[PDB]
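First up is the structure itself, then whatever we jot down about it.
Basis: the model, the stated rules and, where named, an outside source; no laboratory read-out is quoted. A quick note on method: Cβ atoms are made from the backbone with ideal geometry, for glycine too, and the neighbour counts reach across all protein chains shown.
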Amino acid sequence: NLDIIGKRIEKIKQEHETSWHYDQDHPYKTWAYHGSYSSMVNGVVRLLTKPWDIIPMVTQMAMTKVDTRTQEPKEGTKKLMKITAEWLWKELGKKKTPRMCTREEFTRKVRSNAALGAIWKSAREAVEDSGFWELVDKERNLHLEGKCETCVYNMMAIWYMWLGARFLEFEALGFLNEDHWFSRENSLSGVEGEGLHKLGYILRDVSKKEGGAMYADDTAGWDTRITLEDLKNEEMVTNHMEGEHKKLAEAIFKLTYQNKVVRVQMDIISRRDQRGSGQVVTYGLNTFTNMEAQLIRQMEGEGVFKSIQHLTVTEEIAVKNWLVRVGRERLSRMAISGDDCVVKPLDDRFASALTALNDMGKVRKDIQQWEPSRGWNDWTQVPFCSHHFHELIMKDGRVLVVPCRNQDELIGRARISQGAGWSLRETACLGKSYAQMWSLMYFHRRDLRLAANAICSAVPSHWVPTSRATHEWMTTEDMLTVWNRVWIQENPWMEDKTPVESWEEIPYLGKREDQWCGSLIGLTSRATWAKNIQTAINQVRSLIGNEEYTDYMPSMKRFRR
Ligand SMILES: CC(=O)Nc1ccc(-c2csc(N)n2)cc1
Ligand SMILES: [Cl-]
Ligand SMILES: [Zn+2]
């Protein structure tokens, strides 16, 4: 307990000796208590989406369990998790080599803008000061000694550490993301590096497997369900390491993941369970443990073991043998993105195979603990990564599988910014990012293709999209050329590589399907907005001023004379 959280706690107390009031009013039960001491609106996107100013599902988006425990899993459950985790690390390691990430790599990220959950004023000034690395060196040396001093989270939830602890985290465990351990190639169930023009093709491929319904059960507060046993299983990645890397990774797991200390608005508490690490490391270890949990739920449905109370020698061999024999074909019946999964099991016994799942603490959201899962019969209805997927046939017979979600959510998100000090140019460039994403991913939604064309017409041609998966819309290349590259040239599911010559070759959903997914097509106003769009474009041009603009609206047949 305190042999590991004490040094950090003592340090924080000393720096705060005056107000070290041990308040007996602290609202903590599970969180150990040691002591105490807004969405802005994007004006460019809003002026070009006037019909949505009277839709509450859009306009409301811009307005306005950490404290729980998880019963220890049973001996049968613990054995199932340990055998499965050992096997899974070995599979993920067959074609990969664990390795330290470098300051030279850490800075590069910082030179660009990749959320580092950090807390000089810019992180760009820390890595350049050789003073920062000296502090990193001290903690780094302490980690090698099996001790920590300055690796403490500030819950905001979202837990932000100091850069020194982040860099360190990244040095020891960044290889999982940087070298693509959770790629569909390295993991089979994984979709790291995929993006939205891929995810539907991947679900359609899972649908091709003989088996039962497609299951997509959510976990309530997945991170708050992460147990110390799960952490012991994740930590086994270090069995694959050597030298300094092994000791540095072992210290991240022991000192920062399995024996945490955090600050809260300031109470100084510690928990030895739950997920509380870096968002990128969190994503990879959530994928790992979700893959493990779903293989075990598959084993339960298949009758590989009879009970979670304890495993018989024979069953331990049967589970291990199931993995070696069918483990890979099985991970393949899954699409897993951190806590999000889709599973096509061998048959529907999976639906009521719930004892391992509930005993691991991964209780399903929106269904009685022991009510058997609802199955999806059509891959085009299955929810994944906040989307569903349509099969869309081009006038020339070729097949697109496209991402989709309710259009009010897409419009409402593009109308929001986070943070202060945005110029009109930067606000315009963020509007252009959304517009290009819509042109590439949601071109099949009539309102989004029109609104994208309008925003790109209203923002100077040469201004670069900005924002503080393959984000191919973050470019000043022509959007038809990018569309061709993503959907035709580089699309492994498209055999005919004939380029598309114009946007009018690129289809929409059916008119009724577009309405079902939130389109305003057929409202009197949606017609006033499409008819008068050059007036809205001109309003925004007049605000931005005398700049080089391009008219993209005649790419659409209706504005093409
Ligand atoms: C822009 C455009 O194509 N206008 C339009 C007109 C009517 C309809 C319609 C009638 S009954 C139904 N379900 N949908 C859809 C769209
Ligand atoms: Cl269905
Ligand atoms: Zn849809």
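If I filter the stretch 490-502 for residues that are in contact with an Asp or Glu (Cβ under 8 Å, 6 or more places away or on another chain), assigned by TED's automatic domain parsing to the domain that holds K531 and part of a helix (DSSP H, G or I), do I get at least one hit?
no
May I ask you to verify whether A428 is part of a helix (DSSP H, G or I), within 16 Å of ligand 1 (Cβ to nearest atom) and under 29 Å from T64 (Cα atoms)?
On the way: part of a helix (DSSP H, G or I): yes; within 16 Å of ligand 1 (Cβ to nearest atom): no; under 29 Å from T64 (Cα atoms): yes.
So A428 fails the test.
Mind checking which helices (runs of 4 or more DSSP H) fall wholly inside the stretch 122-225 and carry at least 2 residues that are of a type in the set (G, A, S)?
123-126, 130-145, 163-173, 196-207
Inspect the stretch 409-423 for any residue being in a loop (DSSP other than H, G, I, E, B) and within 16 Å of ligand 2 (Cβ to nearest atom) and give the result as yes or no.
There is no residue in the stretch 409-423 that is in a loop (DSSP other than H, G, I, E, B) and within 16 Å of ligand 2 (Cβ to nearest atom).
From the residues in the stretch 372-387 that are among the polar types (S, T, N, Q) and farther than 13 Å from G212 by Cβ, which one is farthest from ligand 1 (Cβ to nearest atom)?
Of the residues in the stretch 372-387, the ones among the polar types (S, T, N, Q) are 373, 377, 380-381, 386.
Those left that are additionally farther than 13 Å from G212 by Cβ: 380-381, 386.
Details: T380: 19, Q381: 20, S386: 26 Å.
By that ranking, first place goes to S386.
Take the stretch 356-384 and flag every residue that is among the aromatic types (F, W, Y), away from ligand 2 (no atom under 13 Å from the Cβ) and within 24 Å of the chain's Cα centre (by Cα).
Hit for the stretch 356-384 is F384, nothing else.
Of everything in the stretch 483-533, what is within 16 Å of ligand 3 (Cβ to nearest atom) and of a type in the set (S, T, Y)? Give them in sequence order.
Within the stretch 483-533, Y508, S519 qualify.
Considering only residues of the stretch 396-409 that are within 21 Å of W438 (Cβ to Cβ) and surrounded by fewer than 17 Cβ atoms within 10 Å (Cβ to Cβ), which is nearest to ligand 3 (Cβ to nearest atom)?
Only one residue tops the list, namely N406.
Can you tell which of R333, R364, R328 is under 30 Å from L176 (Cβ atoms) and in contact with a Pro (Cβ under 9 Å, 6 or more places away or on another chain)?
Numbers: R364 fails: in contact with a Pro (Cβ under 9 Å, 6 or more places away or on another chain); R328 fails: in contact with a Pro (Cβ under 9 Å, 6 or more places away or on another chain).
The match here is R333.
Which numbered condition trips up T314, out of (1) more than 23 Å from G190 (Cα to Cα); (2) out of contact with any helix residue (DSSP H, G or I) (no Cβ under 7 Å at 6 or more places or on another chain); (3) surrounded by 14 or more Cβ atoms within 10 Å (Cβ to Cβ)?
Every listed condition holds for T314 apart from (3).
Taking the stretch 534-558 as the region of interest, how many residues are buried (at least 17 other Cβ atoms within 10 Å of the Cβ) and either within 29 Å of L400 (Cα to Cα) or within 16 Å of ligand 2 (Cβ to nearest atom) (or both)?
3
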